[PDB]
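Enquirer:
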Amino acid sequence: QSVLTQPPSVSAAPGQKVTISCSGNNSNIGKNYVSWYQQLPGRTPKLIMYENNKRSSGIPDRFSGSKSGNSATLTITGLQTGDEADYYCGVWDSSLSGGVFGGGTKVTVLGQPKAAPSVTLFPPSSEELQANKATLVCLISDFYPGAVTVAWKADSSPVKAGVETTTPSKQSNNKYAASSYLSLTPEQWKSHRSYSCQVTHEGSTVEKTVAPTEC
Amino acid sequence: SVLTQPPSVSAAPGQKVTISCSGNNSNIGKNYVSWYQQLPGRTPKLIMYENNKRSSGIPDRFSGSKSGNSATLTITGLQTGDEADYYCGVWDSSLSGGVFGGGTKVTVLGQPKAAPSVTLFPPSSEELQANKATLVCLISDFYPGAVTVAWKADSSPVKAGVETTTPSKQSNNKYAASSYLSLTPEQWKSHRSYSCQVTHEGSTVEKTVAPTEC
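Just so you know, the sequences run in chain order F and H.
Each position in the first sequence, counted from 1, maps to that position plus 80 in my numbering.
Each position in the second sequence, counted from 1, maps to that position plus 1 in my numbering.
1) Between the Cα of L139(H) and the Cα atoms of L182(H), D83(H), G103(H), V100(H), which residue gives the shortest distance?
2) Which chain H residues sit within Cβ distance under 9 Å of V217(F)?
3) Looking at chain F, is there any beta carbon in it that lies within less than 8 Å of the beta carbon of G65(H)?
4) What is the DSSP secondary structure of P266(F), counted as helix, strand or coil?
5) Quick one, which of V217(F), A152(F), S221(F), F223(F) has its alpha-carbon nearest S260(F)'s?
6) Mind checking the region 236-249 of chain F against chain H and listing, in chain order, the residues whose C-beta falls within less than 7 Å of any C-beta there?
7) Under 8 Å, Cβ to Cβ, is there at least one residue of chain F near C215(H)?
8) If the criterion is Cβ atoms closer than 8 Å, does the pair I29(H) and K54(H) meet it?
9) To which residues of the same chain is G15(H) closer than 7 Å at the C-beta, ignoring the five residues directly before and after it?
10) Among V119(H), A211(H), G69(H), which residue has its Cα nearest to the Cα of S194(H)?
11) To the nearest angstrom, how far is the alpha carbon of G226(F) from that of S144(F)?
12) With DSSP as the reference, identify every bridge partner of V91(H), one or two as the case may be.
13) Taking only beta-carbon positions, decide if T108(H) is within less than 8 Å of chain F.
14) Tell whether a beta-carbon distance below 8 Å holds between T188(F) and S89(F).
15) Taking 8 Å as the cut-off, decide whether the C-beta atoms of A257(F) and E164(H) are in contact.
16) Which first and last residues belong to the beta strand (DSSP E) in which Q39(H) is found?
17) Strictly under 8 Å for the Cβ-Cβ distance: is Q278(F) near chain H by that measure?
18) Using DSSP with H/G/I as helix, E/B as strand and the rest coil, what is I29(H)?
19) Is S136(F) helix, strand or coil when you go by DSSP?
20) What did DSSP end up calling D166(F) once you bin it into helix, strand or coil?
21) Using a cut-off of 9 Å between C-beta atoms, extract the partners of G179(F) located in chain H.
22) Count the C-beta pairs between the region 88-103 of chain H and the region 113-129 of chain H that are closer than 8 Å, then say yes if the count reaches three, no if not.
23) Kindly list the residues whose CB is nearer than 6 Å to the CB of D166(F), restricted to its own chain and excluding five residues on each side of it in sequence; keep chain order.
24) For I139(F), which residues from the same chain have a beta carbon less than 6 Å from its beta carbon, with the 5 sequence-adjacent residues on both sides left out?
25) Does chain F have any CB closer than 8 Å to the CB of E128(H)?
26) Applying a beta-carbon distance threshold of less than 7 Å, which residues of chain F neighbour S172(H)?
27) Have a look at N26(H) and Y37(H) and give me their C-alpha separation to the nearest angstrom.
28) Grouping DSSP H, G and I as helix and E and B as strand, with all else coil, what is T188(F)?
29) Does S205(F) have its Cβ less than 8 Å from a Cβ in chain H?
30) From the DSSP output, in three-state form, read off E214(H) for me.
31) Could you work out which residue in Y168(F), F202(F), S237(F) is closest to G104(F) when comparing CA atoms only?
32) Are the beta-carbon atoms of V279(F) and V230(F) separated by less than 8 Å?
33) Is it buried or exposed for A131(H), if we count other Cβ within 10 angstroms and need 16 for buried?
This is the structure in structure tokens:
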């Protein structure tokens, strides 16, 4: 169980500053020691901050931790390429008697203009339905920074199963792409009036819809 | 770390792996132990609490035990989706804070090759009405995470407009990618069909889509 909320994405131009907030409650962030972890691409997560504001060895003074009430923050000044990573907050929860973690934040050092994703929502193909299978594909392309949050709905109701979203990858145009897909049975697909893919990018959200219809 | 864990444990699929964690009388020996799973690129998730209790929806394969100043996590019948970093957590009554082990990387050895599932989508009516056409070749459940993609317009290679994403580990540590070909509504309607050829571990999977009468 996790109550710790962090922004999915933060970014700034090199030399600038980012702040990564993590909001919790009294049982966790409010009464216990907050740690921060850095997860570099394809690397094991390393402790960078502990006891709210103590830097781990080798971590530059540009990185600073703070805590106010039930929320903790990791601030990074003089932002440089090597700070690009996913960061997450970790804290003891005294009511739960276990550790709770933030959902993580990708930090991007802006090297090009920001671009809103192009969202193209594909219904299940005829060939697929003929095989009693159904896959909804939400193609997400031409975005920068390379981080998206995807949420699917079936008639305004959040989908909690069969969702897979790829990790953004830099394409030939230097912008990112990803696809999110939902595996359903033709019955599940036809039992609902519509399906929606909601794509969040830098606090900007776009929702697209698809419904079962014959050619 | 305050708690001592082995760095790695590796086993063939279906085998039993053991992860032990040692502490003292103030932490493991006194307080309830929890276990955390961290899938590559994701955050740690609690899988075990109160030494032997599984968290919501955690599979039966996972079991936990506690003896004296030690705790063990056992994965019976190992799966490729179990490949993760595992951490032991507990409250230290001496330090009056929560302590963890250094983590154990669980490797699934001699991992079987998994052929990609290939699903090809034509441009939807909505897209074509907006004067656009994108074909998406969805490539899922493969292992290892390397694919080669080639597209054909009728039986002629498509040497432009092709983009394929870098394979990425899905929930089950298998891979997914997607190839997409952007065309004009005219280029789409002109041809009899389009093909997407996926090459994985020297084997090819080809799918074909043609414009419909609407």
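From the three backbone atoms N, C-alpha and C, an ideal C-beta is built for every residue, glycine too.
Expert: The answer reads as follows:
1) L182(H)
2) Contact annotation for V217(F) against chain H: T120, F122, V137, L139, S179 [CB-CB distance below 9 Å, chain order].
3) no
4) helix
5) Measuring from the Cα of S260(F), the nearest candidate turns out to be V217(F).
6) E244, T246, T247, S249
7) yes
8) No; because the gap between Cβ atoms is not below 8 Å, this pair is not in contact.
9) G78, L79
10) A211(H)
11) 24 Å
12) DSSP lists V100(H) as the bridge partner or partners of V91(H).
13) no
14) Taking 8 Å as the Cβ cut-off, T188(F) and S89(F) qualify as a contacting pair.
15) yes
16) 35-39
17) no
18) Of the three classes helix, strand and coil, the one that applies to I29(H) here is coil, per DSSP.
19) coil
20) strand
21) For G179(F), the residues of chain H that pass the 9 Å Cβ criterion are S35, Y37, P45, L47, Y88, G90, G99, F101, in the order they occur in the chain.
22) no
23) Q119, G184, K186
24) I128
25) yes
26) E244
27) 21 Å
28) strand
29) yes
30) coil
31) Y168(F)
32) yes
33) exposed
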